[PDB]
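Dumped data.cif below, it's mmCIF, N, CA, C and O atoms:
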data_input
#
loop_
_atom_site.label_atom_id
_atom_site.label_comp_id
_atom_site.auth_asym_id
_atom_site.auth_seq_id
_atom_site.Cartn_x
_atom_site.Cartn_y
_atom_site.Cartn_z
N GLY A 1 -114.46 -88.60 -10.11
CA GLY A 1 -115.56 -88.66 -9.16
C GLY A 1 -115.62 -87.44 -8.27
O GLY A 1 -114.84 -86.50 -8.44
N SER A 2 -116.53 -87.46 -7.30
CA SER A 2 -116.69 -86.34 -6.38
C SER A 2 -116.52 -86.80 -4.94
O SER A 2 -117.44 -87.36 -4.34
N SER A 3 -115.33 -86.57 -4.38
CA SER A 3 -115.03 -86.97 -3.01
C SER A 3 -115.04 -85.76 -2.08
O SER A 3 -114.00 -85.17 -1.79
N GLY A 4 -116.23 -85.38 -1.62
CA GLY A 4 -116.36 -84.25 -0.73
C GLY A 4 -116.69 -84.66 0.69
O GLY A 4 -117.45 -85.60 0.91
N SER A 5 -116.12 -83.95 1.66
CA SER A 5 -116.35 -84.25 3.07
C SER A 5 -116.74 -82.99 3.83
O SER A 5 -115.94 -82.06 3.98
N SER A 6 -117.98 -82.96 4.32
CA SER A 6 -118.48 -81.82 5.06
C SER A 6 -117.73 -81.65 6.38
O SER A 6 -117.41 -80.54 6.79
N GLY A 7 -117.44 -82.77 7.04
CA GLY A 7 -116.72 -82.73 8.30
C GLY A 7 -117.63 -82.40 9.47
O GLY A 7 -117.79 -81.23 9.84
N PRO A 8 -118.25 -83.43 10.06
CA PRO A 8 -119.15 -83.26 11.20
C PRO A 8 -118.41 -82.85 12.47
O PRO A 8 -119.03 -82.60 13.50
N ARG A 9 -117.09 -82.77 12.38
CA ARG A 9 -116.27 -82.39 13.52
C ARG A 9 -115.94 -80.90 13.48
O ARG A 9 -115.16 -80.45 12.65
N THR A 10 -116.55 -80.14 14.38
CA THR A 10 -116.33 -78.70 14.45
C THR A 10 -115.96 -78.26 15.86
O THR A 10 -116.09 -79.03 16.81
N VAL A 11 -115.50 -77.02 15.99
CA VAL A 11 -115.11 -76.48 17.29
C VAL A 11 -116.15 -75.50 17.81
O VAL A 11 -116.93 -74.93 17.03
N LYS A 12 -116.17 -75.30 19.12
CA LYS A 12 -117.12 -74.38 19.74
C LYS A 12 -116.66 -72.94 19.59
O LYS A 12 -115.47 -72.64 19.74
N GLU A 13 -117.60 -72.04 19.30
CA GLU A 13 -117.28 -70.63 19.13
C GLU A 13 -117.32 -69.90 20.47
O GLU A 13 -118.38 -69.56 20.98
N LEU A 14 -116.14 -69.67 21.04
CA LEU A 14 -116.03 -68.98 22.32
C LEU A 14 -115.99 -67.46 22.12
O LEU A 14 -115.48 -66.97 21.12
N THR A 15 -116.53 -66.73 23.09
CA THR A 15 -116.56 -65.28 23.03
C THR A 15 -115.42 -64.67 23.85
O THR A 15 -115.52 -64.56 25.07
N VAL A 16 -114.35 -64.28 23.17
CA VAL A 16 -113.20 -63.68 23.84
C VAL A 16 -113.31 -62.16 23.88
O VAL A 16 -113.58 -61.53 22.85
N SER A 17 -113.11 -61.59 25.05
CA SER A 17 -113.19 -60.14 25.22
C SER A 17 -112.17 -59.65 26.24
O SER A 17 -112.10 -60.16 27.36
N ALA A 18 -111.37 -58.67 25.85
CA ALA A 18 -110.35 -58.11 26.73
C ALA A 18 -110.98 -57.24 27.82
O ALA A 18 -110.54 -57.26 28.96
N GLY A 19 -112.00 -56.49 27.44
CA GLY A 19 -112.67 -55.62 28.40
C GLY A 19 -113.16 -54.33 27.77
O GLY A 19 -114.36 -54.12 27.60
N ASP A 20 -112.22 -53.46 27.43
CA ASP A 20 -112.55 -52.18 26.81
C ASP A 20 -111.29 -51.43 26.40
O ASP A 20 -110.17 -51.83 26.74
N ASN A 21 -111.47 -50.34 25.66
CA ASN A 21 -110.34 -49.53 25.20
C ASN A 21 -109.61 -48.89 26.37
O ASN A 21 -110.23 -48.30 27.26
N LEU A 22 -108.29 -49.01 26.38
CA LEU A 22 -107.47 -48.45 27.44
C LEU A 22 -106.65 -47.27 26.93
O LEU A 22 -106.12 -47.30 25.82
N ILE A 23 -106.55 -46.23 27.75
CA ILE A 23 -105.79 -45.04 27.39
C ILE A 23 -104.86 -44.61 28.51
O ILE A 23 -105.29 -44.41 29.65
N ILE A 24 -103.58 -44.47 28.19
CA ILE A 24 -102.58 -44.06 29.17
C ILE A 24 -101.95 -42.72 28.80
O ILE A 24 -102.09 -42.25 27.67
N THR A 25 -101.26 -42.11 29.76
CA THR A 25 -100.61 -40.83 29.53
C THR A 25 -99.21 -40.81 30.13
O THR A 25 -99.02 -41.13 31.30
N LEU A 26 -98.23 -40.44 29.31
CA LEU A 26 -96.84 -40.38 29.76
C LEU A 26 -96.72 -39.58 31.06
O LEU A 26 -97.56 -38.73 31.37
N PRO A 27 -95.65 -39.84 31.82
CA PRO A 27 -94.65 -40.84 31.45
C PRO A 27 -95.18 -42.26 31.54
O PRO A 27 -94.63 -43.19 30.94
N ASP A 28 -96.27 -42.44 32.29
CA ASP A 28 -96.88 -43.75 32.46
C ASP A 28 -97.06 -44.44 31.11
O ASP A 28 -97.95 -44.08 30.33
N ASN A 29 -96.22 -45.43 30.84
CA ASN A 29 -96.29 -46.17 29.58
C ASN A 29 -96.56 -47.65 29.83
O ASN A 29 -96.23 -48.50 29.01
N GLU A 30 -97.16 -47.95 30.98
CA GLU A 30 -97.48 -49.33 31.34
C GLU A 30 -98.99 -49.55 31.36
O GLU A 30 -99.75 -48.70 31.82
N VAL A 31 -99.41 -50.71 30.86
CA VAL A 31 -100.83 -51.05 30.82
C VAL A 31 -101.03 -52.55 30.93
O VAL A 31 -100.28 -53.34 30.34
N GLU A 32 -102.06 -52.96 31.67
CA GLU A 32 -102.36 -54.37 31.86
C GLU A 32 -103.69 -54.73 31.20
O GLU A 32 -104.70 -54.06 31.41
N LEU A 33 -103.69 -55.79 30.41
CA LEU A 33 -104.89 -56.24 29.72
C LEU A 33 -105.24 -57.68 30.10
O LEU A 33 -104.36 -58.54 30.16
N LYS A 34 -106.51 -57.93 30.36
CA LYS A 34 -106.97 -59.26 30.73
C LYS A 34 -107.94 -59.82 29.69
O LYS A 34 -108.72 -59.08 29.10
N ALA A 35 -107.87 -61.13 29.46
CA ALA A 35 -108.73 -61.78 28.49
C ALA A 35 -109.87 -62.53 29.18
O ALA A 35 -109.65 -63.27 30.14
N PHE A 36 -111.09 -62.32 28.69
CA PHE A 36 -112.26 -62.97 29.27
C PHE A 36 -112.95 -63.86 28.24
O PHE A 36 -113.50 -63.38 27.25
N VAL A 37 -112.91 -65.17 28.47
CA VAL A 37 -113.52 -66.13 27.57
C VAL A 37 -114.77 -66.75 28.19
O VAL A 37 -114.73 -67.27 29.30
N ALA A 38 -115.88 -66.70 27.45
CA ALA A 38 -117.14 -67.25 27.93
C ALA A 38 -117.65 -68.34 26.99
O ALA A 38 -117.58 -68.22 25.77
N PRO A 39 -118.18 -69.43 27.57
CA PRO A 39 -118.26 -69.58 29.03
C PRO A 39 -116.90 -69.78 29.67
O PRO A 39 -115.92 -70.08 28.99
N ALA A 40 -116.84 -69.60 30.99
CA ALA A 40 -115.59 -69.76 31.73
C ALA A 40 -115.21 -71.23 31.85
O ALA A 40 -116.06 -72.10 32.04
N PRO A 41 -113.91 -71.52 31.75
CA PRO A 41 -113.39 -72.89 31.86
C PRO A 41 -113.50 -73.45 33.27
O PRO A 41 -113.55 -72.71 34.25
N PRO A 42 -113.55 -74.79 33.37
CA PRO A 42 -113.66 -75.47 34.66
C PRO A 42 -112.38 -75.35 35.50
O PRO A 42 -111.52 -74.53 35.20
N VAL A 43 -112.28 -76.18 36.53
CA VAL A 43 -111.11 -76.17 37.40
C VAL A 43 -109.98 -77.01 36.83
O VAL A 43 -108.85 -76.97 37.31
N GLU A 44 -110.30 -77.78 35.79
CA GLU A 44 -109.32 -78.64 35.15
C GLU A 44 -108.93 -78.09 33.78
O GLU A 44 -107.81 -77.63 33.57
N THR A 45 -109.87 -78.15 32.83
CA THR A 45 -109.62 -77.66 31.48
C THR A 45 -109.43 -76.15 31.47
O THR A 45 -110.37 -75.39 31.72
N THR A 46 -108.21 -75.72 31.18
CA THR A 46 -107.90 -74.29 31.14
C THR A 46 -107.54 -73.85 29.73
O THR A 46 -106.80 -74.54 29.02
N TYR A 47 -108.07 -72.71 29.32
CA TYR A 47 -107.82 -72.17 27.99
C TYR A 47 -106.48 -71.43 27.95
O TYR A 47 -106.02 -70.91 28.96
N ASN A 48 -105.88 -71.38 26.76
CA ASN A 48 -104.60 -70.70 26.59
C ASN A 48 -104.80 -69.31 25.98
O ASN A 48 -105.63 -69.13 25.09
N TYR A 49 -104.03 -68.34 26.46
CA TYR A 49 -104.12 -66.98 25.97
C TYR A 49 -102.88 -66.60 25.16
O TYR A 49 -101.77 -66.56 25.69
N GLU A 50 -103.08 -66.34 23.87
CA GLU A 50 -101.98 -65.97 22.99
C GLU A 50 -102.18 -64.56 22.43
O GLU A 50 -103.01 -64.35 21.54
N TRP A 51 -101.42 -63.61 22.96
CA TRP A 51 -101.51 -62.23 22.51
C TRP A 51 -100.57 -61.97 21.34
O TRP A 51 -99.55 -62.64 21.19
N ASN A 52 -100.91 -60.98 20.52
CA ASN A 52 -100.09 -60.63 19.36
C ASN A 52 -100.42 -59.23 18.87
O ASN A 52 -101.54 -58.75 19.03
N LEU A 53 -99.44 -58.57 18.26
CA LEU A 53 -99.62 -57.22 17.75
C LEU A 53 -99.81 -57.24 16.23
O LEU A 53 -98.93 -57.70 15.49
N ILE A 54 -100.95 -56.74 15.78
CA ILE A 54 -101.25 -56.69 14.35
C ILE A 54 -101.26 -55.26 13.84
O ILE A 54 -100.89 -55.00 12.69
N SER A 55 -101.68 -54.33 14.69
CA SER A 55 -101.74 -52.92 14.32
C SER A 55 -100.85 -52.09 15.23
O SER A 55 -101.08 -52.00 16.44
N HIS A 56 -99.83 -51.47 14.64
CA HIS A 56 -98.90 -50.64 15.40
C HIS A 56 -98.17 -49.67 14.48
O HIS A 56 -97.86 -49.98 13.32
N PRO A 57 -97.88 -48.46 14.99
CA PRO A 57 -97.18 -47.42 14.23
C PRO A 57 -95.72 -47.77 13.98
O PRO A 57 -95.13 -48.58 14.70
N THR A 58 -95.14 -47.15 12.96
CA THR A 58 -93.74 -47.40 12.61
C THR A 58 -92.81 -46.95 13.73
O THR A 58 -91.69 -47.44 13.85
N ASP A 59 -93.28 -46.01 14.54
CA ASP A 59 -92.49 -45.49 15.65
C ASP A 59 -92.20 -46.58 16.67
O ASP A 59 -91.15 -46.57 17.32
N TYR A 60 -93.12 -47.53 16.79
CA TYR A 60 -92.96 -48.63 17.73
C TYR A 60 -92.28 -49.82 17.07
O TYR A 60 -92.66 -50.24 15.98
N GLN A 61 -91.27 -50.36 17.74
CA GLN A 61 -90.53 -51.50 17.21
C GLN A 61 -91.36 -52.78 17.30
O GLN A 61 -91.35 -53.60 16.39
N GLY A 62 -92.07 -52.93 18.42
CA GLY A 62 -92.90 -54.11 18.61
C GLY A 62 -92.22 -55.16 19.47
O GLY A 62 -91.53 -56.04 18.96
N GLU A 63 -92.42 -55.06 20.78
CA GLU A 63 -91.82 -56.01 21.72
C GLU A 63 -92.85 -56.50 22.73
O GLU A 63 -93.21 -55.78 23.67
N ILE A 64 -93.32 -57.72 22.54
CA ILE A 64 -94.31 -58.31 23.44
C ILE A 64 -94.10 -59.81 23.58
O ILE A 64 -93.58 -60.47 22.68
N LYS A 65 -94.50 -60.35 24.73
CA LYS A 65 -94.36 -61.78 25.00
C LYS A 65 -95.67 -62.51 24.75
O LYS A 65 -96.00 -63.46 25.45
N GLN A 66 -96.41 -62.06 23.74
CA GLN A 66 -97.69 -62.68 23.40
C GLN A 66 -98.46 -63.06 24.66
O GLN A 66 -99.27 -63.99 24.64
N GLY A 67 -98.20 -62.35 25.75
CA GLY A 67 -98.88 -62.63 27.00
C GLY A 67 -99.17 -64.11 27.18
O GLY A 67 -100.31 -64.55 27.05
N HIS A 68 -98.13 -64.88 27.48
CA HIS A 68 -98.28 -66.32 27.68
C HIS A 68 -99.34 -66.61 28.74
O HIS A 68 -99.80 -67.75 28.87
N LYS A 69 -99.72 -65.59 29.49
CA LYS A 69 -100.72 -65.74 30.54
C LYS A 69 -102.04 -65.08 30.13
O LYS A 69 -102.17 -64.58 29.01
N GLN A 70 -103.01 -65.09 31.03
CA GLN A 70 -104.31 -64.49 30.77
C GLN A 70 -104.22 -62.97 30.76
O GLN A 70 -105.05 -62.29 30.15
N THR A 71 -103.21 -62.44 31.43
CA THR A 71 -103.01 -60.99 31.50
C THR A 71 -101.72 -60.58 30.81
O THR A 71 -100.69 -61.24 30.94
N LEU A 72 -101.78 -59.48 30.06
CA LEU A 72 -100.61 -58.98 29.34
C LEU A 72 -100.25 -57.58 29.81
O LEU A 72 -101.08 -56.67 29.81
N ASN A 73 -98.99 -57.40 30.21
CA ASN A 73 -98.52 -56.11 30.68
C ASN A 73 -97.40 -55.58 29.79
O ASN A 73 -96.39 -56.25 29.57
N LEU A 74 -97.59 -54.37 29.27
CA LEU A 74 -96.59 -53.75 28.39
C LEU A 74 -95.85 -52.64 29.12
O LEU A 74 -96.30 -52.15 30.15
N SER A 75 -94.70 -52.25 28.57
CA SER A 75 -93.89 -51.20 29.17
C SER A 75 -93.15 -50.40 28.10
O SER A 75 -93.26 -50.70 26.91
N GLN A 76 -92.39 -49.40 28.53
CA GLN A 76 -91.64 -48.56 27.61
C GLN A 76 -92.47 -48.22 26.37
O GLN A 76 -91.94 -48.10 25.27
N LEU A 77 -93.77 -48.06 26.57
CA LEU A 77 -94.68 -47.73 25.48
C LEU A 77 -94.63 -46.24 25.16
O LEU A 77 -94.56 -45.41 26.06
N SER A 78 -94.68 -45.91 23.87
CA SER A 78 -94.64 -44.52 23.44
C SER A 78 -96.00 -44.09 22.88
O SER A 78 -96.84 -44.93 22.55
N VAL A 79 -96.19 -42.78 22.77
CA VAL A 79 -97.44 -42.24 22.25
C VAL A 79 -97.81 -42.88 20.92
O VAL A 79 -97.06 -42.80 19.95
N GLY A 80 -98.98 -43.52 20.88
CA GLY A 80 -99.42 -44.17 19.67
C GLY A 80 -100.52 -45.19 19.92
O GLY A 80 -100.84 -45.50 21.07
N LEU A 81 -101.11 -45.70 18.84
CA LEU A 81 -102.18 -46.69 18.96
C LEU A 81 -101.63 -48.10 18.81
O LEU A 81 -100.79 -48.37 17.96
N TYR A 82 -102.12 -49.01 19.66
CA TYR A 82 -101.68 -50.40 19.63
C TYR A 82 -102.87 -51.35 19.77
O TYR A 82 -103.72 -51.17 20.64
N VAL A 83 -102.92 -52.35 18.90
CA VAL A 83 -104.00 -53.33 18.93
C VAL A 83 -103.47 -54.73 19.23
O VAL A 83 -102.70 -55.30 18.45
N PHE A 84 -103.87 -55.27 20.37
CA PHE A 84 -103.44 -56.60 20.78
C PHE A 84 -104.57 -57.61 20.63
O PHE A 84 -105.60 -57.52 21.31
N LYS A 85 -104.38 -58.59 19.75
CA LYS A 85 -105.38 -59.62 19.51
C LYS A 85 -105.02 -60.91 20.24
O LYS A 85 -104.04 -61.58 19.90
N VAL A 86 -105.81 -61.25 21.25
CA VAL A 86 -105.57 -62.46 22.03
C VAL A 86 -106.36 -63.63 21.47
O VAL A 86 -107.59 -63.67 21.56
N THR A 87 -105.65 -64.60 20.90
CA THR A 87 -106.29 -65.78 20.32
C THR A 87 -106.36 -66.92 21.34
O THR A 87 -105.34 -67.53 21.66
N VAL A 88 -107.56 -67.19 21.83
CA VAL A 88 -107.76 -68.25 22.81
C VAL A 88 -108.60 -69.38 22.22
O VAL A 88 -109.80 -69.22 22.00
N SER A 89 -107.97 -70.52 21.98
CA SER A 89 -108.66 -71.68 21.41
C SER A 89 -108.29 -72.95 22.17
O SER A 89 -107.24 -73.03 22.80
N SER A 90 -109.18 -73.94 22.11
CA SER A 90 -108.95 -75.21 22.79
C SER A 90 -109.04 -76.38 21.82
O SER A 90 -109.19 -76.18 20.61
N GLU A 91 -108.95 -77.59 22.35
CA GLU A 91 -109.02 -78.79 21.52
C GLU A 91 -110.23 -78.75 20.59
O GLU A 91 -110.10 -78.85 19.38
N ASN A 92 -111.41 -78.59 21.18
CA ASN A 92 -112.65 -78.53 20.41
C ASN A 92 -113.31 -77.16 20.55
O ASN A 92 -114.53 -77.05 20.64
N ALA A 93 -112.49 -76.11 20.56
CA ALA A 93 -112.99 -74.75 20.68
C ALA A 93 -112.00 -73.74 20.11
O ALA A 93 -110.81 -74.04 19.97
N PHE A 94 -112.49 -72.55 19.78
CA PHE A 94 -111.64 -71.50 19.23
C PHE A 94 -112.27 -70.13 19.45
O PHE A 94 -113.48 -69.95 19.29
N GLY A 95 -111.43 -69.15 19.80
CA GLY A 95 -111.92 -67.81 20.04
C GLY A 95 -110.80 -66.79 20.08
O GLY A 95 -109.64 -67.13 20.30
N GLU A 96 -111.15 -65.52 19.86
CA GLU A 96 -110.17 -64.45 19.87
C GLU A 96 -110.84 -63.10 20.12
O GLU A 96 -112.02 -62.91 19.82
N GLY A 97 -110.07 -62.16 20.67
CA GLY A 97 -110.61 -60.84 20.96
C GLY A 97 -109.76 -59.73 20.37
O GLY A 97 -108.79 -59.99 19.65
N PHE A 98 -110.11 -58.49 20.68
CA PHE A 98 -109.37 -57.33 20.18
C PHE A 98 -109.49 -56.16 21.14
O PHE A 98 -110.58 -55.77 21.54
N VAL A 99 -108.34 -55.59 21.51
CA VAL A 99 -108.31 -54.46 22.43
C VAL A 99 -107.35 -53.38 21.93
O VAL A 99 -106.17 -53.64 21.70
N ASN A 100 -107.87 -52.16 21.77
CA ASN A 100 -107.06 -51.04 21.31
C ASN A 100 -106.59 -50.18 22.48
O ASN A 100 -107.39 -49.80 23.33
N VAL A 101 -105.30 -49.89 22.51
CA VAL A 101 -104.73 -49.07 23.57
C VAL A 101 -104.01 -47.85 23.00
O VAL A 101 -103.07 -47.98 22.22
N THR A 102 -104.45 -46.66 23.40
CA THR A 102 -103.85 -45.42 22.93
C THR A 102 -102.98 -44.79 24.01
O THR A 102 -103.34 -44.78 25.19
N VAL A 103 -101.83 -44.27 23.60
CA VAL A 103 -100.90 -43.63 24.53
C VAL A 103 -100.79 -42.14 24.26
O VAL A 103 -100.27 -41.72 23.23
N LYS A 104 -101.29 -41.33 25.20
CA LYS A 104 -101.24 -39.88 25.07
C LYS A 104 -99.85 -39.35 25.39
O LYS A 104 -99.18 -39.83 26.31
N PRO A 105 -99.41 -38.33 24.64
CA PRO A 105 -98.10 -37.71 24.83
C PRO A 105 -98.02 -36.91 26.12
O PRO A 105 -99.03 -36.37 26.59
N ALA A 106 -96.83 -36.83 26.70
CA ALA A 106 -96.62 -36.09 27.94
C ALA A 106 -96.95 -34.61 27.75
O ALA A 106 -96.21 -33.88 27.09
N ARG A 107 -98.06 -34.18 28.34
CA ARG A 107 -98.49 -32.79 28.25
C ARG A 107 -98.15 -32.02 29.52
O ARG A 107 -98.99 -31.89 30.41
N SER A 108 -96.92 -31.53 29.61
CA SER A 108 -96.48 -30.78 30.78
C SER A 108 -97.44 -29.64 31.09
O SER A 108 -97.39 -28.58 30.46
N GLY A 109 -98.31 -29.85 32.07
CA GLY A 109 -99.27 -28.83 32.45
C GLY A 109 -100.70 -29.25 32.18
O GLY A 109 -100.96 -30.26 31.53
N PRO A 110 -101.66 -28.46 32.69
CA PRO A 110 -103.09 -28.74 32.52
C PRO A 110 -103.54 -28.53 31.08
O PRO A 110 -102.75 -28.18 30.21
N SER A 111 -104.83 -28.75 30.83
CA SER A 111 -105.40 -28.59 29.50
C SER A 111 -106.57 -27.62 29.52
O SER A 111 -106.56 -26.59 28.84
N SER A 112 -107.60 -27.96 30.30
CA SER A 112 -108.78 -27.12 30.41
C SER A 112 -108.45 -25.79 31.09
O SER A 112 -107.35 -25.60 31.58
N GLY A 113 -109.43 -24.89 31.10
CA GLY A 113 -109.22 -23.59 31.72
C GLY A 113 -109.07 -22.48 30.70
O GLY A 113 -108.61 -21.38 31.03
#
Target format structure tokens, applied to this file:
Amino acid sequence: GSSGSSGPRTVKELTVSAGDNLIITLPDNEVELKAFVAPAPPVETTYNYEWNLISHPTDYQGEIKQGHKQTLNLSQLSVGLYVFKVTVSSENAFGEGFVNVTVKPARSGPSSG
């Protein structure tokens, strides 16, 4: 026979956005990223922010706390590109974003001129 189930139970598509591309320059290797989910949650129901690294150079070992909070702060970062995908989903909702952060090498001295 044919036992198919469409499943009338679905989740809401939330729009997760970190903000924009961030660029740092040594020695400064620290950067803070915030997750913005719309619509915004009430005073009771709060969404969870789960950060993760999917794109990273071999030079980087990869050390992050999946930003258990809404904001993620990295350190001891070296020159290179890093992509942090924050997956924010709820009981009847699901969403995720993407933010690329580039780290410029320590350029002792000016550039222009």
Open item on the list: For the provided coordinates, the residues matched by the PyMOL selection byres ((chain A and resi 50-54) around 8) should be stated as a ChimeraX atom specification.
Closed with: /A:47-49,55-57,62,64-70,72,82-89,95-97,99
Task: Spatial neighbours of stretch 7-20 of chain A, 7 Å, only N, CA, C and O atoms, chain gap at least 4 places, as a list in words - done: residues 33, 34, 35, 36, 37, 38, 39, 86, 88, 90, 91, 92, 93, 94, 95, 96, 97, 98, 99, 100 and 101 of chain A
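Non-sequential neighbours of residue A:107 (distance at most 10 Å, separation of 6 or more positions within a chain, only C-alpha atoms) are residues 25, 26 and 27 of chain A.
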Open item on the list: Env of residue A:76: 9 Å cut, atoms = only C-alpha atoms, seq-sep filter 4 positions within chain, self excluded. Answer as an MDAnalysis selection string.
Closed with: chainID A and resid 28:30
Open item on the list: So the first atom is atom N of residue A:109 and the second is atom C of residue A:21; what is the distance between them in Å, to one decimal place?
Closed with: 22.9 Å
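Ranking A:45, A:102, A:111, A:61 by their shortest atom-to-atom distance to residue A:81, with only C-alpha atoms included, puts A:102 first.
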- [ ] Please measure the separation of atom C of residue A:71 and atom C of residue A:32, giving the value in Å to one decimal.
- [x] 6.2 Å
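Distance-wise, atom CA of residue A:23 and atom C of residue A:60 end up 17.7 Å apart.
Here the question is which of A:2, A:24, A:59, A:40 gets nearest to residue A:106 using only N, CA, C and O atoms, and that residue is A:24.
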Kindly compute an axis-aligned box around the listed atoms of stretch 103-106 of chain A, allowing 5 Å on each side, and express its centre and edge lengths in Å to one decimal as AutoDock Vina command-line options.
--center_x -99.0 --center_y -39.1 --center_z 25.6 --size_x 15.6 --size_y 20.4 --size_z 14.7
